[PDB]
Each structure stands twice: as C-alpha cells, then as structure tokens.
C-alpha cells in the first residue's frame, strides 16, 4: 500500500523462525529497537504484526 | 546529541560481577565471516545514547 494507508499482516498460531530474516542479506536494512534481532528465535508472543 | 557516552550493545557471554571489558573487536552477529570489517551481521560492539 501507499504509506498514508500502511498495510498490516496479523501473525498468529504459527512458529516464527526469524533465522531466514537474520540471513536475508538483500535487506538494505534490518534495524531493531527494544530487542536484539538474534534473540527473537528464543521468544514467544500473543500477537505479532508486520 | 552528546555521543561521548557509550554502552556495549551485545557480547558473546554475560559479564561476571565487577568484570571490566574494554575490548572493541567487531561482533559477528550471524553466519557472515566479518574479518574485522563493518557490514551485514558485522558490528562495532559499542553504542551511544547521544
């Protein structure tokens, strides 16, 4: 979508293996705030959003 | 923003009590052979509050 109307995906009821993202060197950036990216594969959450 | 004040962002293991660690070698955050060069998964280990 256009940025004035940004598009959200609900992530639920699945295993979030972020390791494909950790190795996705085609990303011109992969910043994180509050939490380190490498830690994410140890975690659990009620809802996740993109 | 004052960039003279620094914290280590990440480390290979926890500090022991009153352990002091001043080393600034490039942190390998993933599969990348970092070889002492900044880049994807290859980071300078300190950060600043600014």
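Protein chains in written order, with the authors' numbering: chain B, 348 to 397; chain A, 447 to 496. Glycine included, each C-beta is placed from N, C-alpha and C at the ideal position.
Range covered by the beta strand (DSSP E) that runs through residue i
{"i": "residue 453/A", "result": "452-454"}
{"i": "residue 492/A", "result": "492-494"}
Cβ distance (whole Å) where residue i is taken to contact residue j below 8 angstroms
{"i": "residue 491/A", "j": "residue 454/A", "result": "6 angstroms"}
{"i": "residue 388/B", "j": "residue 476/A", "result": "Contact doesn't hold; Cβ gap of about 11 angstroms is too wide."}
Endpoints, the alpha helix (DSSP H) within which residue i is located
{"i": "residue 366/B", "result": "366-369"}
Beta-carbon proximity list for residue i, same chain, < 6 angstroms, skipping 5 on both sides
{"i": "residue 376/B", "result": "none"}
{"i": "residue 396/B", "result": "355"}
{"i": "residue 452/A", "result": "492 and 494"}
Those residues which DSSP pairs with residue i across a bridge
{"i": "residue 391/B", "result": "Answer is none; residue 391/B lacks a bridge partner."}
{"i": "residue 357/B", "result": "396/B"}
{"i": "residue 488/A", "result": "474/A and 485/A"}
Near the ligand FAD: residue i beta-carbon under 8 angstroms from a heavy atom
{"i": "residue 369/B", "result": "No copy of the ligand FAD occurs in the structure displayed, which carries no ligand at all."}
Neighbourhood of residue i by C-beta distance below 7 angstroms, restricted to the same chain and skipping five residues each side
{"i": "residue 447/A", "result": "496"}
{"i": "residue 463/A", "result": "none"}
{"i": "residue 481/A", "result": "none"}
Beta-carbon contacts of residue i that lie in its chain and below 8 angstroms, excluding the five residues immediately before and after
{"i": "residue 366/B", "result": "388"}
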